[PDB]
Structure formats: C-alpha cells, structure tokens
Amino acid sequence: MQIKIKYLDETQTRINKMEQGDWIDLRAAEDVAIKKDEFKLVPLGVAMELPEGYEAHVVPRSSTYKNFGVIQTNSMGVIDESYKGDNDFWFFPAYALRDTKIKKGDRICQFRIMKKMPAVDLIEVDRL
C-alpha cells in the first residue's frame, strides 16, 4: 500500500521512506515562537492521501518536551482517510509550558497509520 504526499513548498524537507514500519517524523514548516502558557498550531508542511480504510495518529517525539517545552493539546491527533484534499495540510497543536522557539525544519512530532475500526452496530439498551 502507498501514501501520496504533497508538500507545502519546495523548501520542506522530504520525509523518511516507510519501508520499515517505524513511526515517521514530521517537521515545522516555518519558525514558530510560543510564549509560556500560550498555544500555537505548528504547521507540518505536508498533506497526504492515506490508504483507503486507514487513519494516521500523530504524537510528540520522545525528545520534544525536553528540547522544546511543548505538549500536544489534543494528546494524539487523528487524521482520517477523508483528510486528503489539496489544502488539507497537517499541524501539530502545541502548548508551551515555557517560552520556546521552534525553527523551520525542526522535527516536532511523529506519525503512523492504523486500520480504522471495523463497522460496528450501536444498539441502545435500557440496562447492561
């Protein structure tokens, strides 16, 4: 299976091949400064068409907090197969626990794909 990837512009660093099954590091599309106790969407400079029936999960890298002092406000970001449009660029939602600077090209988070949950039948009951 394959992922089609469109970059925001030619200066974005092309990301790792995916022949191995490791999570894949994504990078700041531009410089982003965030003050202590403030929030910014860090653009990742990439848009993707994921395989039919899959979704992507995005979390911080292990070293992100140590080096940048940010947490990811939504814990883990879900990118559905449907977020496949020409302007559907990815972002990393960052809350700074201290004044910080992220520079263009800095690796800031990581992703993998996973099969979406199967079709399920929700049936209401009065008791369990």
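Just count from 1 along the sequence shown to find any residue number. We call the rigid core whatever largest set of C-alpha positions still superposes within 1.5 Å between the two forms.
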Point to revise | Higher-deviation stretch (C-alpha RMS, rigid core fit) in 4 other deposited structures of this protein, choosing from 106-114 and 8-16 | key: 8-16
Point to revise | Segment of higher mean CA temperature factor, 45-53 or 74-82 | key: 45-53
Review point. What stretch has the higher average Cα B-factor here, 9-17 or 102-110?
Key: 9-17
Practice item. Place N67 in the lowest, middle or highest third of its chain's C-alpha B-factors, as listed in the PDB entry. Key: middle
